[PDB]
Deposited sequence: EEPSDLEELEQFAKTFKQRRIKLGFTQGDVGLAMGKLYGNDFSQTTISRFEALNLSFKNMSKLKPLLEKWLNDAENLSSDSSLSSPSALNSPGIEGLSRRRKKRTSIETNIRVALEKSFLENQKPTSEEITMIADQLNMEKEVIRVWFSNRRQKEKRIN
């Protein structure tokens, strides 16, 4: 009855039951969309089915995937996540250079850099945080 073995058995069970319904990893993620105000990528469904998420993350998706499966075998507000958008190469090189000059640009510098690269403030802000991560590794 171990937390991990149940989670362990559900991914397997889930998958079989999924292939049974002749359902694609992508279809399930799509179906979660209607249901919870946020879609789930094919990547996420695959990782789930293969035990490649954190324990915490998996335990949280179990319920959503379980409800969906059952509902399918029978037969001041929040925001929907921002779509992930790649950093074009030219921008990458520029941001890459600015990072060398310094890793802690300020708000206005961030606003400046973004304005200069014709990029969204927030994206640039987030990039310096993430690139600062990739650094300390």
Wait, which stretches of the deposited chain are just not there in the structure? 1-2, 78-95, 158-159
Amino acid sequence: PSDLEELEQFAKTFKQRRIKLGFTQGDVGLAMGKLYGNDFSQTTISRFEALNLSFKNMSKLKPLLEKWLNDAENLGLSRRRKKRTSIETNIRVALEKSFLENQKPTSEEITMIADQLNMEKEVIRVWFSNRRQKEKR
From here on, numbers count along this sequence of modelled residues.
Going by the B-factors listed in the PDB entry, is the mean over the C-alpha atoms higher for 28-36 or for 99-107? 99-107
Tell me which stretch has the larger mean Cα B-factor in this entry, 12-20 or 118-126. 12-20
Quick check for you: using the entry's CA B-factors within this chain, is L53 in the lowest, middle or highest third? lowest
Using only modelled residues of the chain, where does the Cα B factor of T44 rank: lowest third, middle third or highest third? lowest
In terms of its chain's C-alpha B-factors, the third that includes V93 is the middle
Can you work out whether the C-alpha temperature factor of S59 puts it in the lowest, middle or highest third of the chain? lowest
